[PDB]
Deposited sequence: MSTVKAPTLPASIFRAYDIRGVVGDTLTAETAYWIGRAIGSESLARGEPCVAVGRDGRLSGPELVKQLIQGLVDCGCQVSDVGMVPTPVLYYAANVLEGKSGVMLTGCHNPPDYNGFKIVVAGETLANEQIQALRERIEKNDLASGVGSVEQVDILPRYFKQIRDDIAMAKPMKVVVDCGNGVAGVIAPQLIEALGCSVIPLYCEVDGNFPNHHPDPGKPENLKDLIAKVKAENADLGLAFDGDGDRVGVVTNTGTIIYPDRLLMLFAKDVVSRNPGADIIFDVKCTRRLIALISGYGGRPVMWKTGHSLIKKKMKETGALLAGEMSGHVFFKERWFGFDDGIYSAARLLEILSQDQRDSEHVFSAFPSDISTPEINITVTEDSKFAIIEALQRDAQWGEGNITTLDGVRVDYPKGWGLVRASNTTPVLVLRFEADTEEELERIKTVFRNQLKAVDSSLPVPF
């Protein structure tokens, strides 16, 4: 069985465990959304039935982007919500908390151990999209008009993104904005440059001001400039953190261990409190609540606005917030972003190891490695920060792979940092293949 940190029968008892855990937290009201996945329409029935056979009062918001289901769970009567999505699958909020780790296992263990509530629940249809759409239109303040290419990769974002962007005061060139679970074009994953090539060509050919790309369910956004430069989430956060801290002195801003060190200095320089944390949407949201942070972001493309918003990751709202800021600058999006400091960085580096060894390699490094003049963070793998650059090694959670990133202000410092990591991996196992 798959229960991280799948057919009809699986769906029913997942809905059953969720309902039970929601009720145990004193929350009978649960919202339920699905993405564009082909199995969706049918499979949410089983999820809803699981919930109803608990006594839950379900708000069925139909086919929505993931952050619209999060919105529902913030705005409707109940603080519980379930999103059917395969990035179907499940993103779960119970009594305000986005579940993770030993919480999803606490659900599965209800399945096996038969620890489940029983009752006669309720289903209610709710049309949340117009309220979500209006909520954003009312708060966003666009100045100049902008031409934007929008790539939805045939995911569920095309139900609201091109429309909302047009409504914000934009001319939209849609790309693959028809909801199609078959994903007949590139799969909707703006993290991979390959998935951005159609968008880059389209931005250039149509002389647009910006290109935007959404993932399948809309909780991630990718950004390209009017000249086709891909703007990574860490550089995007630089722009957002500047704006957010400008109205909120001392505000905490969270980012993950893969983000450029430049973001630490930048946030501090504007009077904010930078907070480096672990990877993963659940872990970020949790830290945001713990710290009262106004903004967070992750290298995978999840951006979390609490300021003027609700604090969940929302690719569509983040697009809006981006459009708001760029519309207030006379410069093209290319120059707004290029004005920020830049360093030499590598792409992510993968080393295929084995499932047996991956975590042990990292623990060996945490125990045995020597790092010279370096600040060590072991929040998530081993990250070492030097005055002139930094390096990261972590174990992939889903694949038997070590993941590395390096950044430095110079070509040489890059080498000098890369060299240290190579040596420290070799001290763990001299046979390990270090492809850098």
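- Positions of the deposited sequence absent from the coordinates, in order: 1 to 11, 17 to 26, 109 to 114.
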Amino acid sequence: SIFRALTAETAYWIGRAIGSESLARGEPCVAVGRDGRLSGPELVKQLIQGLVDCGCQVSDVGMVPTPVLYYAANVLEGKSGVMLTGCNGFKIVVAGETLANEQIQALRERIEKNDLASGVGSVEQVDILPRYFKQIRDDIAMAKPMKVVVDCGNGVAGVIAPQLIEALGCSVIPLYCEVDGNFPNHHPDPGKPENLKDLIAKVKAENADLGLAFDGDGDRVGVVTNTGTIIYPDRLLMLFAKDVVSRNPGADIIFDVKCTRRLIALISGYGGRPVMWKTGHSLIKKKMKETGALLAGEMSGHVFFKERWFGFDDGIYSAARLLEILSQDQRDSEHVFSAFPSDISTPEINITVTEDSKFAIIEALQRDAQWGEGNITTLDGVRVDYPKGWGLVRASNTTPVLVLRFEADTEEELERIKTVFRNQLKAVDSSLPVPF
From here on, numbers count along this sequence of modelled residues.
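- The stretch with the higher mean CA B factor, choosing between 154 to 162 and 227 to 235, is 154 to 162.
- As listed in the deposited structure, the average C-alpha B-factor of 391 to 399 and of 64 to 72 is greater for 391 to 399.
- Within the group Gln125, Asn248, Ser318, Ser282, the record's highest C-alpha temperature factor is found at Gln125.
- The PDB entry assigns its highest CA temperature factor, among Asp252, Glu109, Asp314, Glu324, to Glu109.
- In the deposited entry, the Cα temperature factor of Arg367 sits in the middle third of values across the chain's modelled residues.
- In the deposited entry, the Cα temperature factor of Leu199 places it in the middle third of its chain's modelled residues.
- Among the modelled residues of the chain, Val58 sits in the middle third by CA temperature factor in this PDB entry.
- In the PDB entry, a CA B factor belonging to the highest third of its chain's modelled residues is recorded for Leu43.
- When the modelled residues of the chain are ordered by C-alpha B-factor, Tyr270 sits in the lowest third.
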